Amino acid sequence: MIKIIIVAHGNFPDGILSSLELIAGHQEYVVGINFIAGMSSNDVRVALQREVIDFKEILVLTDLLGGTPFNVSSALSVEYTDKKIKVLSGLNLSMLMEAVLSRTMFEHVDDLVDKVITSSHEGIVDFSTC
């Protein structure tokens, strides 16, 4: 059971989640934290802490390297002795679908992240390229 948590600027999390819902329907243990206008770094931190209280294996998908979602997520990911918290930047729908569709193959998030990264890269394609 790997919990997927999406953290990104604006309502990007709501938006990409609506893509997932249209394609695959509603999923268990998948949440979005919308980093909207008005909220601070700490607001994101509080929200994320809340979402991880009861989970050991957690994949956090964030929009942009070095942005507040990624920074807050990575800072928190090293604070829990027995939690496994992976934090990715570069979130595309490939990243999200792969995590959702493959996570049940894995007990541990450590063994899921390699395949999620591979699909994220493989999903970036220029149509000219055939």
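Note that residue numbering follows the sequence shown and begins at 1.
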80-88 set against 58-66, stretch whose average Cα temperature factor tops the other in the entry: 80-88
Stretch with the higher entry mean CA B-factor, where the candidates are 101-109 and 44-52: 101-109
Residue of maximum C-alpha B factor among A8, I4, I124, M1, per deposited coordinates: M1
Selection by C-alpha B-factor (highest) of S94, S74, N34, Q27: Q27
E21 - Cα temperature factor, lowest/middle/highest third of chain: middle
